[PDB]
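A.B. asks: Got a structure for you, protein_8.txt, holding compact mmCIF, C-alpha atoms.
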```txt
# COMPACT_ATOMS: atom_id res chain seq x y z
CA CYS P 101 -10.47 55.36 52.28
CA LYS P 102 -10.09 54.64 55.99
CA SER P 103 -7.37 52.07 55.30
CA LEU P 104 -5.38 54.56 53.20
CA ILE P 105 -5.83 57.11 55.98
CA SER P 106 -4.63 54.48 58.46
CA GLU P 107 -1.29 53.42 57.00
CA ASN P 108 0.05 56.95 56.35
CA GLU P 109 0.87 59.11 59.37
CA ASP P 110 1.80 62.11 57.22
CA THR P 111 -1.66 62.46 55.67
CA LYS P 112 -3.38 62.10 59.06
CA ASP P 113 -1.18 64.92 60.32
CA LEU P 114 -2.28 66.87 57.24
CA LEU P 115 -5.85 65.64 57.79
CA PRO P 119 -2.54 77.06 62.69
CA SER P 120 -0.18 79.40 64.57
CA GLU P 121 2.62 76.81 64.60
CA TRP P 122 3.64 77.80 61.07
CA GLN P 123 3.77 81.46 62.15
CA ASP P 124 5.92 80.52 65.16
CA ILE P 125 8.31 78.60 62.90
CA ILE P 126 8.48 81.61 60.56
CA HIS P 127 9.26 83.89 63.50
CA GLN P 128 12.03 81.61 64.79
CA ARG P 129 13.49 81.33 61.28
CA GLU P 130 13.50 85.10 60.78
CA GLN P 131 14.99 85.82 64.21
CA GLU P 132 17.79 83.30 63.66
CA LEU P 133 18.36 84.77 60.19
CA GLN P 134 18.60 88.32 61.54
CA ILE P 135 20.92 87.34 64.40
CA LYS P 136 23.11 85.53 61.87
CA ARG P 137 23.15 88.66 59.70
CA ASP P 138 24.05 90.83 62.70
CA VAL P 139 26.91 88.59 63.84
CA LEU P 140 28.22 88.31 60.27
CA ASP P 141 28.13 92.11 59.97
CA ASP P 142 30.09 92.35 63.23
CA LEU P 143 32.65 89.84 61.93
CA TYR P 144 32.96 91.75 58.64
CA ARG P 145 33.51 95.02 60.50
CA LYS P 146 36.06 93.54 62.91
CA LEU P 147 38.11 91.47 60.46
CA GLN P 148 38.72 94.35 58.01
CA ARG P 149 41.40 95.75 60.35
CA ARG A 71 94.85 70.96 42.14
CA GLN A 72 92.32 70.35 44.91
CA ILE A 73 94.94 71.83 47.26
CA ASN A 74 95.17 74.91 45.03
CA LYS A 75 91.40 75.27 44.63
CA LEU A 76 90.82 74.90 48.39
CA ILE A 77 93.61 77.23 49.54
CA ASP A 78 92.31 80.11 47.40
CA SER A 79 88.68 79.44 48.41
CA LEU A 80 89.28 79.99 52.15
CA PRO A 81 85.66 83.81 52.69
CA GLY A 82 88.36 86.12 54.04
CA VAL A 83 91.26 84.42 52.25
CA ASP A 84 92.21 87.72 50.56
CA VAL A 85 90.27 90.00 52.93
CA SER A 86 91.89 91.77 55.88
CA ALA A 87 90.44 90.70 59.23
CA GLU A 88 89.68 94.23 60.45
CA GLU A 89 86.96 94.84 57.87
CA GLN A 90 85.61 91.48 59.00
CA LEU A 91 85.65 93.11 62.45
CA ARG A 92 83.48 96.04 61.33
CA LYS A 93 81.20 93.80 59.27
CA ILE A 94 80.69 91.46 62.24
CA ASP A 95 80.01 94.41 64.56
CA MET A 96 77.39 95.87 62.22
CA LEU A 97 76.00 92.35 61.82
CA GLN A 98 75.29 92.13 65.55
CA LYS A 99 73.84 95.65 65.36
CA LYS A 100 71.38 94.88 62.56
CA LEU A 101 70.70 91.63 64.42
CA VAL A 102 69.67 93.64 67.48
CA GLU A 103 67.25 95.62 65.34
CA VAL A 104 65.94 92.46 63.65
CA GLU A 105 64.96 90.74 66.89
CA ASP A 106 63.51 94.09 67.98
CA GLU A 107 61.38 94.15 64.82
CA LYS A 108 60.39 90.56 65.55
CA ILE A 109 59.29 91.73 69.01
CA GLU A 110 56.88 94.27 67.53
CA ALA A 111 55.83 91.73 64.89
CA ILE A 112 54.96 89.05 67.44
CA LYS A 113 53.24 91.48 69.80
CA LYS A 114 50.95 92.84 67.08
CA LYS A 115 50.34 89.30 65.81
CA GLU A 116 49.22 88.36 69.32
CA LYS A 117 47.11 91.53 69.43
CA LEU A 118 45.25 90.58 66.26
CA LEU A 119 45.14 87.01 67.58
CA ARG A 120 43.15 87.91 70.66
CA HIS A 121 41.02 90.35 68.67
CA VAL A 122 40.13 87.22 66.70
CA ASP A 123 39.60 85.35 69.98
CA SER A 124 37.29 88.10 71.28
CA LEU A 125 35.18 88.02 68.12
CA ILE A 126 35.12 84.20 68.33
CA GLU A 127 33.80 84.40 71.89
CA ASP A 128 31.20 87.02 70.96
CA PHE A 129 30.01 84.97 67.97
CA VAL A 130 29.84 81.79 70.06
CA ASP A 131 27.80 83.59 72.73
CA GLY A 132 25.49 84.90 70.01
CA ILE A 133 25.00 81.39 68.64
CA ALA A 134 24.38 79.98 72.12
CA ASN A 135 21.82 82.54 73.23
CA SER A 136 20.13 82.50 69.81
CA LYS A 137 19.64 78.73 69.68
CA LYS A 138 18.42 78.76 73.30
CA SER A 139 16.13 81.73 72.60
CA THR A 140 13.46 79.28 71.39
CA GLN I 169 90.77 80.85 62.25
CA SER I 170 88.79 81.46 65.43
CA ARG I 171 87.33 84.57 63.80
CA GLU I 172 86.41 82.47 60.75
CA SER I 173 84.61 79.96 63.00
CA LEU I 174 82.80 82.88 64.63
CA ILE I 175 81.79 84.08 61.15
CA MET I 176 80.49 80.68 60.03
CA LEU I 177 78.46 80.18 63.21
CA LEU I 178 77.26 83.75 62.76
CA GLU I 179 75.81 83.15 59.32
CA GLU I 180 74.34 79.75 60.22
CA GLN I 181 72.27 81.02 63.16
CA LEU I 182 71.47 84.23 61.22
CA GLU I 183 70.05 82.28 58.27
CA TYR I 184 68.24 79.90 60.63
CA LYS I 185 66.51 82.79 62.40
CA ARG I 186 65.67 84.41 59.06
CA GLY I 187 64.09 81.15 57.91
CA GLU I 188 62.07 80.90 61.12
CA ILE I 189 60.98 84.54 60.85
CA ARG I 190 59.98 84.27 57.19
CA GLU I 191 57.95 81.13 57.78
CA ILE I 192 56.24 82.99 60.66
CA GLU I 193 55.03 85.86 58.50
CA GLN I 194 54.18 83.40 55.72
CA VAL I 195 51.95 81.33 58.00
CA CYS I 196 50.27 84.33 59.64
CA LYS I 197 49.66 85.89 56.22
CA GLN I 198 48.10 82.67 54.92
CA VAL I 199 45.87 82.52 58.01
CA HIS I 200 44.82 86.14 57.42
CA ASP I 201 44.11 85.37 53.75
CA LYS I 202 41.97 82.40 54.79
CA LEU I 203 40.09 84.62 57.25
CA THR I 204 39.45 87.23 54.55
CA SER I 205 38.25 84.55 52.13
CA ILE I 206 35.89 83.20 54.80
CA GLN I 207 34.62 86.73 55.46
CA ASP I 208 33.90 87.19 51.75
CA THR I 209 32.18 83.79 51.63
CA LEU I 210 29.91 84.59 54.57
CA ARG I 211 29.16 88.04 53.14
CA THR I 212 28.11 86.42 49.86
CA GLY I 213 25.79 84.08 51.77
CA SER I 214 24.09 86.99 53.53
```
Once you've parsed the file, please lay out its structure as structure tokens.
C.D. replies:
Amino acid sequence: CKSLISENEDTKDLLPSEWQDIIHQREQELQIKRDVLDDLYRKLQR
Amino acid sequence: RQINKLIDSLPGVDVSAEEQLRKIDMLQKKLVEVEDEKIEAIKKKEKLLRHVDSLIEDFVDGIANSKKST
Amino acid sequence: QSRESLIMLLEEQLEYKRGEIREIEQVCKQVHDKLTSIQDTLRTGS
């Protein structure tokens, strides 16, 4: 057990607000991308 | 026969030079209008060009301040 | 024949400038079409 824990870094990392922060950064970048794409769509149609 | 087929193929061989004079004059006229039209064409093309440049700059600023927002 | 030389030079520069002009609107129109296609592509990805 301890050996198997030892060789794998990923499991030991697996072995809580950071996920929420990543979700917030993803959604803010998504919404800013949507806003800039809307601006480009509005401007280019002329 | 090449002499005959070249002498009769001279535009203006059977056309009086004075209607060439009017056609040339109106050619320079319509030329004046065609470079005029090219002037408006190029100026509006440059107008849309720097509209595109302005939106490029705005989008680049948005990218920059978004990716440095975190 | 001087008038004929004037005529021939006339049509050669006239056709040259028409070719330049027509390639200008062709290239700007193809750029505009590419921009519209990109706008549609980014709108579909929204």
A.B. asks: Return as a list in words the residues belonging to chain P that are within 8 Å of chain A, counting all atoms listed in the file.
C.D. replies: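 Going by the stated atoms only, the list reads residues 128, 132, 135, 139, 143, 146 and 147 of chain P.
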A.B. asks: If you measure from CA of residue 176 (chain I) to CA of residue 82 (chain A), what distance in Å do you get, rounded to one decimal?
C.D. replies: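 Between CA of residue 176 (chain I) and CA of residue 82 (chain A) the gap works out to 11.3 Å.
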A.B. asks: Check which residues of chain I sit at most 9 Å from chain P using only C-alpha atoms, and return one row each with the closest pair of atoms and their distance in Å to one decimal, ordered by chain and rising number, as JSON lines.
C.D. replies:
```
{"residue": "I:203", "atom": "CA", "partner": "P:147", "partner_atom": "CA", "distance": 7.8}
{"residue": "I:204", "atom": "CA", "partner": "P:147", "partner_atom": "CA", "distance": 7.4}
{"residue": "I:207", "atom": "CA", "partner": "P:144", "partner_atom": "CA", "distance": 6.2}
{"residue": "I:208", "atom": "CA", "partner": "P:144", "partner_atom": "CA", "distance": 8.3}
{"residue": "I:210", "atom": "CA", "partner": "P:140", "partner_atom": "CA", "distance": 7.0}
{"residue": "I:211", "atom": "CA", "partner": "P:140", "partner_atom": "CA", "distance": 7.2}
{"residue": "I:214", "atom": "CA", "partner": "P:137", "partner_atom": "CA", "distance": 6.5}
```
A.B. asks: For chain A, work out the contacting residues on chain I at 8 Å, counting all atoms listed in the file, and write them as an MDAnalysis selection string.
C.D. replies: chainID I and resid 172 175 189 196
A.B. asks: For CA of residue 130 (chain P) and CA of residue 134 (chain A), quote the distance in Å rounded to one decimal.
C.D. replies: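 Spanning CA of residue 130 (chain P) to CA of residue 134 (chain A) is a straight-line distance of 16.5 Å.
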A.B. asks: Quote the spacing between CA of residue 135 (chain A) and CA of residue 131 (chain P) in Å to one decimal place.
C.D. replies: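 Spanning CA of residue 135 (chain A) to CA of residue 131 (chain P) is a straight-line distance of 11.8 Å.
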A.B. asks: Output, as lines of an AutoDock Vina configuration file, the centre and edge lengths in Å (one decimal) of the axis-aligned box that contains all listed atoms of region 105-114 of chain A with 4 Å of margin on each side.
C.D. replies:
```
center_x = 58.0
center_y = 91.7
center_z = 67.3
size_x = 22.0
size_y = 13.2
size_z = 13.0
```
A.B. asks: Regenerate region 132-146 of chain P at the level of N, CA and C atoms and dump it as a PDB file, in the coordinates of the input.
C.D. replies:
```
ATOM      1  N   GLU P 132      16.467  83.893  63.823  1.00  0.00           N
ATOM      2  CA  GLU P 132      17.790  83.300  63.660  1.00  0.00           C
ATOM      3  C   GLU P 132      18.499  83.869  62.440  1.00  0.00           C
ATOM      4  N   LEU P 133      17.754  84.144  61.364  1.00  0.00           N
ATOM      5  CA  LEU P 133      18.360  84.770  60.190  1.00  0.00           C
ATOM      6  C   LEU P 133      18.909  86.149  60.521  1.00  0.00           C
ATOM      7  N   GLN P 134      18.140  86.963  61.251  1.00  0.00           N
ATOM      8  CA  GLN P 134      18.600  88.320  61.540  1.00  0.00           C
ATOM      9  C   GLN P 134      19.760  88.315  62.532  1.00  0.00           C
ATOM     10  N   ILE P 135      19.774  87.395  63.500  1.00  0.00           N
ATOM     11  CA  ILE P 135      20.920  87.340  64.400  1.00  0.00           C
ATOM     12  C   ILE P 135      22.161  86.858  63.655  1.00  0.00           C
ATOM     13  N   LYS P 136      21.990  85.930  62.704  1.00  0.00           N
ATOM     14  CA  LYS P 136      23.110  85.530  61.870  1.00  0.00           C
ATOM     15  C   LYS P 136      23.631  86.700  61.043  1.00  0.00           C
ATOM     16  N   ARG P 137      22.722  87.496  60.474  1.00  0.00           N
ATOM     17  CA  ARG P 137      23.150  88.660  59.700  1.00  0.00           C
ATOM     18  C   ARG P 137      23.891  89.653  60.578  1.00  0.00           C
ATOM     19  N   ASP P 138      23.404  89.878  61.800  1.00  0.00           N
ATOM     20  CA  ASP P 138      24.050  90.830  62.700  1.00  0.00           C
ATOM     21  C   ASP P 138      25.452  90.363  63.081  1.00  0.00           C
ATOM     22  N   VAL P 139      25.595  89.084  63.432  1.00  0.00           N
ATOM     23  CA  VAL P 139      26.910  88.590  63.840  1.00  0.00           C
ATOM     24  C   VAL P 139      27.865  88.573  62.646  1.00  0.00           C
ATOM     25  N   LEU P 140      27.355  88.275  61.445  1.00  0.00           N
ATOM     26  CA  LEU P 140      28.220  88.310  60.270  1.00  0.00           C
ATOM     27  C   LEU P 140      28.643  89.736  59.938  1.00  0.00           C
ATOM     28  N   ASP P 141      27.750  90.713  60.136  1.00  0.00           N
ATOM     29  CA  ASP P 141      28.130  92.110  59.970  1.00  0.00           C
ATOM     30  C   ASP P 141      29.211  92.501  60.969  1.00  0.00           C
ATOM     31  N   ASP P 142      29.069  92.060  62.221  1.00  0.00           N
ATOM     32  CA  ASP P 142      30.090  92.350  63.230  1.00  0.00           C
ATOM     33  C   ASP P 142      31.427  91.737  62.837  1.00  0.00           C
ATOM     34  N   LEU P 143      31.411  90.490  62.358  1.00  0.00           N
ATOM     35  CA  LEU P 143      32.650  89.840  61.930  1.00  0.00           C
ATOM     36  C   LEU P 143      33.279  90.573  60.748  1.00  0.00           C
ATOM     37  N   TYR P 144      32.456  90.993  59.784  1.00  0.00           N
ATOM     38  CA  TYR P 144      32.960  91.750  58.640  1.00  0.00           C
ATOM     39  C   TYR P 144      33.601  93.058  59.080  1.00  0.00           C
ATOM     40  N   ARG P 145      32.958  93.764  60.014  1.00  0.00           N
ATOM     41  CA  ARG P 145      33.510  95.020  60.500  1.00  0.00           C
ATOM     42  C   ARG P 145      34.811  94.811  61.259  1.00  0.00           C
ATOM     43  N   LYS P 146      34.879  93.753  62.076  1.00  0.00           N
ATOM     44  CA  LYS P 146      36.060  93.540  62.910  1.00  0.00           C
ATOM     45  C   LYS P 146      37.246  93.042  62.100  1.00  0.00           C
TER      46      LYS P 146
END
```
